[PDB]
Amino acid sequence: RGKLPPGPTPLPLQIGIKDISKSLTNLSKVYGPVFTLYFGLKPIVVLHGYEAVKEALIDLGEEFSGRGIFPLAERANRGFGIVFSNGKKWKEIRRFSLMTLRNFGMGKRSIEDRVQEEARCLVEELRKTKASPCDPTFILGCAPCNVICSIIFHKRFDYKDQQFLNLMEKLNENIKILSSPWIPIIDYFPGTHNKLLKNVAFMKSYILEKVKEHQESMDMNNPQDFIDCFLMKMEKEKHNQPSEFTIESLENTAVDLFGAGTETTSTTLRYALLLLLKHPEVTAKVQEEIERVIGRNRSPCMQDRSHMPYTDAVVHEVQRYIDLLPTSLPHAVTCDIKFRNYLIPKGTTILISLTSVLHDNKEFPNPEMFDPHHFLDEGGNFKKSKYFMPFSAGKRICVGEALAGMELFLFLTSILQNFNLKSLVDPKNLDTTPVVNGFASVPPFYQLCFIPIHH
């Protein structure tokens, strides 16, 4: 009936995602690019190497577009948003969300507009540290969060506003819980499964409040944010019950956007500054390029990227090098499907090795080294690659891809346009080793001084 790929016999201190990825790569050398692992009677089919990831996620896109159940089901019922939903519900909600994020049905103000404003605020906030040692963790967190608040409720907060601090506190808690290391089984239980449930309840409740206020002034000719756009969809979906668009669904999708769009961006920003401190020659050329293409008066805009190949290679290289989500989020096949000499049954969990693609040693010689030239051709031009999959690939590719690319490019250039980065430790001694984490490559702690730029 099914015939899964071969693998090690069943069941294969604190172990992180990077350790797991390393294990998966070692296993691919034994069993090949496609293999099965079992954790109990639970089989997980692993895809390793670009060719197998492409053939599955891209060439059989639909069949591999399902979401893998995960280490639990969340009776909070997370399955009504985008991240953990499946089927028809996922299909319509993901589509709606993609298009709204691409400026459709959200008013005339652009997404870039919002990101440029936050960029300006991020710079002002960084000026407030008065060039004294700073751990940028918090400030780099507020920026991405505020862009999602602006897109979802049409509101951005001061980084000192309690409401805003509360949302981030809850998000950080859930993220730290969901990404705890393993030791067989996850590692969290103490008093946690309930904090996850409660914090989510709190967040949904906070959003529902905003939803209630939007319903008061809802106007079919004036949506200006994600909530208006969603409420206008429900409107058009009435007389066609049961719709996938409901208040429960709007709040869960809103919660997904916050969770998926805050920490990933924030961690990549923090990792980028750390790689910039570590490689002062790279930073200097980014600053040179910023200086000659944009100058220091006007704010950076997305059109500048095509004229700044070194900086574009640097942003790509940060994402490629750090391998933020080594195994993406788990997938599942949507029906029984023949894949090479195998027969995978509907619902089988599929684990993708993004590390195996981002760190392919033939596409990116010396893949373990940080090097902007992994994205530069032999003439120094920007070189795009089919192996650049930090956002994954296929039908489940990060719905926030465009938004995240804008945040990384605009925030990084804004920061480098206004400040020189000064590391306390001598770069040569600066340790860039990732801290153990269950789902993500996270950078170690560091501080730096944001010194108003000078020459």
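Numbering starts at 1 and follows the sequence shown.
message = How big is the unmodelled gap, if any, between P434 and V435 relative to the deposited sequence? Choose none, 1 to 3, 4 to 9, or 10 or more.
response = In the deposited sequence, nothing is left without coordinates between these two.
query = From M369 to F370, how many deposited residues does the entry skip: none, 1 to 3, 4 to 9, or 10 or more?
reply = Per the deposited record, the segment joining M369 and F370 has no missing residues.
ask   = With respect to the recorded C-alpha B factors, which stretch has the higher mean value, 329-337 or 184-192?
value = So the stretch with the higher mean C-alpha B-factor is 184-192.
key: Mean C-alpha temperature factor, higher of 265-273 and 130-138   = Of 130-138 and 265-273, the stretch with the higher C-alpha B-factor average is 130-138.
Criterion, highest CA B-factor; candidates, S353, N77, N361, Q287 = In this record, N77 carries the highest C-alpha B-factor of the candidates.
request  = Could you check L410, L57, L430, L47 and tell me which one carries the biggest Cα B-factor in the deposited entry?
outcome  = Highest C-alpha B-factor among the listed options: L430.
ask   = How does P309 rank on Cα B-factor within its chain, lowest, middle or highest third?
value = Its C-alpha B-factor belongs to the lowest third of this chain's values.
message = Test of reading the entry: by CA B factor among the chain's modelled residues, which third contains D377?
response = Its C-alpha B-factor, which the entry lists for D377, ranks in the lowest third among residues of this chain.
query = Split the chain's modelled residues into thirds by Cα B-factor; is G32 in the lowest, middle or highest one?
reply = Answer is middle: the recorded C-alpha B-factor places it there.
query = Compared with the other modelled residues in the chain, in which third is the CA B-factor of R94?
reply = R94: CA B-factor falls in the lowest third of its chain.
ask   = If you rank every modelled residue in this chain by C-alpha B factor, which third holds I151: lowest, middle or highest?
value = It falls in the bottom third of the chain.
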